[PDB]
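Reviewing the structure listed below.
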Amino acid sequence: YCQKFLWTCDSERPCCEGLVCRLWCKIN
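Under the numbering used here, read the sequence shown as residues 518 to 545, first letter to last.
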């Protein structure tokens with residue numbers, strides 16, 4: 518799955534649509 522908001526993402530792990538992969542997955 519994509520990483521949920523508080524689910525810290527890595528640049529190897531995609532963020533959900535509308536979310537940016539910062540330190541953690543941030544919503545726009």
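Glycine residues also receive a C-beta, built at the ideal position from the N, C-alpha and C atoms.
When you compare each of the options to residue i by their alpha carbons, which one comes out closest?
{"i": "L540", "options": "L523, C519, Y518", "result": "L523"}
Name the DSSP beta bridge partners of residue i, please?
{"i": "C532", "result": "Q520"}
{"i": "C538", "result": "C542"}
Excluding the 5 residues preceding and the 5 following residue i in the sequence, name in chain order all residues of the same chain whose CB lies nearer than 6 Å to its CB.
{"i": "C519", "result": "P531, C532, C533"}
{"i": "residue 548", "result": "Here the chain has residues from 518 to 545 only, and residue 548 is not among them."}
{"i": "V537", "result": "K543"}
Output needed for residue i: all residues of its chain with C-beta closer than 7 Å, excluding positions within five of it in sequence on either side, in chain order.
{"i": "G535", "result": "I544, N545"}
Return the chain-ordered list of same chain residues with a C-beta closer than 8 Å to the C-beta of residue i, the five sequence neighbours on each side being excluded.
{"i": "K521", "result": "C533, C542"}
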